[PDB]
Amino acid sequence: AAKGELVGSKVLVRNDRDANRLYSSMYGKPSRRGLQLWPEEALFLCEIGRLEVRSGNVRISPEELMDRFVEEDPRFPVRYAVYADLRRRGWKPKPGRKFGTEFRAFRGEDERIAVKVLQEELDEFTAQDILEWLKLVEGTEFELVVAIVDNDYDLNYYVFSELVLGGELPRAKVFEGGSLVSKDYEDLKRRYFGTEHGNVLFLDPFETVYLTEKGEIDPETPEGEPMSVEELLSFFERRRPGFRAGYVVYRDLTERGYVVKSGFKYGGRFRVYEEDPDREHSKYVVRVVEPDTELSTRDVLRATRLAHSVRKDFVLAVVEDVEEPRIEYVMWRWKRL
């Protein structure tokens, strides 16, 4: 085994031959004094018997080394669970500050990930935080991987990525649940708007606002008066959370030729079809948020596990400005590394 000296929180390997051998497996960072191993690297090498560590003239066991590193940094075992698993799974993880992540990890000649480690309970973040994590790896060969560690050190990995999208009126009687179209609705129905029951077409609230804005229906009050788009938004938002932000995402998707319906049954605000709902499964499950919306590890686990169970992609739609509008889409994919 290579011999290392613990100095502060780094383990130095002075022997040139051993340092070269370890570095050829992507352990450590060269330094003026010799190869410097990060705590995760030193502990891993010590546990598998490839490194002996001394502090002064005292041999530090793998158990004592874990103890030391946890005392120095309470987050160490969380990071280390990911480090050791990545090494086990064939990756070469390099601790560092690049990309704002805990590790950059390499596999083969083509696989490159920046690994953001989150603890089940201790790490809070917003949608804006996710945008900022992504921005750091944008235009690079590194994928953003979020590694979530639960309280008992079991792991889940996610790839977060940018999604770029492709792509004489009927009377609509407005009510709390959208609007009712009783006559001349067949065209709208064939274009996948609304839900037909018997010989009446029900439009949901977003469909009602959208088709009004696009000049496809004339919405009316019970007394037969028109309602404006703004009057509809005001009416519907009273008891429906995030309605205006949800609407601009509904409108963006629908403008582009997607078909948008309730995503309730799949755990989202929307389920989204590419073309023909009668023929195809919906492709995306979409949640709408704003930059300051607080998110959780629980959101990431639940959203992706649900989406996976029905073979759909989960998408976070971040409405950055409601009135312009400005919207960005982030896919979350549960991934085996």
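When you see a residue number, it is the position in the sequence shown, counting from 1.
Unmodelled residues of the deposited sequence between neighbouring positions residue 167 and residue 168 number 4 to 9.
Averaged over Cα atoms, the B-factor as recorded in the entry is higher for 6 to 14 than for the other of 314 to 322 and 6 to 14. Of the two segments examined, 93 to 101 and 77 to 85, it is 93 to 101 that shows the higher average Cα temperature factor in the deposited entry. Among 162, 121, 152, 110, the highest C-alpha B-factor in the deposited entry belongs to 110. Comparing C-alpha B-factors across 33, 283, 305, 269 in the deposited entry, the largest value falls on 33. Ranked by C-alpha B-factor against the other modelled residues of its chain, residue 200 falls in the highest third. Among the modelled residues of its chain, residue 294 has a C-alpha B-factor that falls in the middle third according to the deposited record.
The entry lists a Cα temperature factor for residue 176 that places it in the middle third of the chain's modelled residues. Among all modelled residues in its chain, residue 249 ranks in the lowest third by Cα B-factor. In the PDB entry, residue 217 places in the middle third of its chain by CA B-factor.
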